[PDB]
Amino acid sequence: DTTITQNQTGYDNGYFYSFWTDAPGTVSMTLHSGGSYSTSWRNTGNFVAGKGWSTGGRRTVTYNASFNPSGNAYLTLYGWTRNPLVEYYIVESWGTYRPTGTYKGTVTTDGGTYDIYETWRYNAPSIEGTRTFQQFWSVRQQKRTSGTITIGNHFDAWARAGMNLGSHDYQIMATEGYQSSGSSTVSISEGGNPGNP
């Protein structure tokens, strides 16, 4: 169970977790105690895995990680909303490719500045099957592998840029790779012990 290699989601030690890949046998996720997990991949297709919550919110999250990408990969707060269907990213670090596209401005929060981009993803896998949907991006100007993310400040920034979110679905601190190799170990948590709304 702890070593996931098949599409799967669930709960581990209180944290929701999700694993998805279109390339079987090229990547695995290992769930550890608390809010920790690891990933290892090699010449994979595409995958997204991480721990977090099944219902996103304006959470203030703290994480620490070892991110060792060998090519295209992301260390990012990742999530989905419905109606409208939106896949969003708060990118903390990346490999060889830095997310880009239509510049919507910037947002300063948690000791750093992030560039804001909005792009489209065509006929791609989603929490609602094969769909075309928009992607909201907050990309830090300085890569980092630990710190705090006041998610609320990003949502506000996106909103002020005409990027409207829908009804929140899952929200996780994820590792995503694309036709690359690498590994990661990520530890995340929320401030205090408020529970889930």
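Sequential numbering from 1, following the sequence displayed.
Engineer: Averaging C-alpha B-factors over each stretch, which comes out higher, 28-36 or 135-143?
Structural biologist: Between 135-143 and 28-36, it is 28-36 that shows the higher mean C-alpha B-factor.
Engineer: Mean Cα B factor from the PDB record: higher for 74-82, or higher for 118-126?
Structural biologist: Mean B over CA atoms: larger for 118-126.
Engineer: Taking the chain's C-alpha temperature factors as the reference, tell me which third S189 falls into: lowest, middle or highest.
Structural biologist: Within its chain, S189 is a highest-third residue by C-alpha B-factor, going by the deposited values.
Engineer: Once the chain's modelled residues are ordered by C-alpha B factor and cut into thirds, is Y103 in the lowest, middle or highest one?
Structural biologist: As the PDB entry reports it, the C-alpha B-factor of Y103 lands in the highest third of its chain.
Engineer: If you rank the chain by CA B-factor, which third does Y11 end up in: lowest, middle or highest?
Structural biologist: Middle third.
Engineer: Lowest, middle or highest third: where is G152 by C-alpha B factor in its chain?
Structural biologist: Middle third.
Engineer: If you rank every modelled residue in this chain by C-alpha B factor, which third holds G52: lowest, middle or highest?
Structural biologist: Answer is middle: the recorded C-alpha B-factor places it there.
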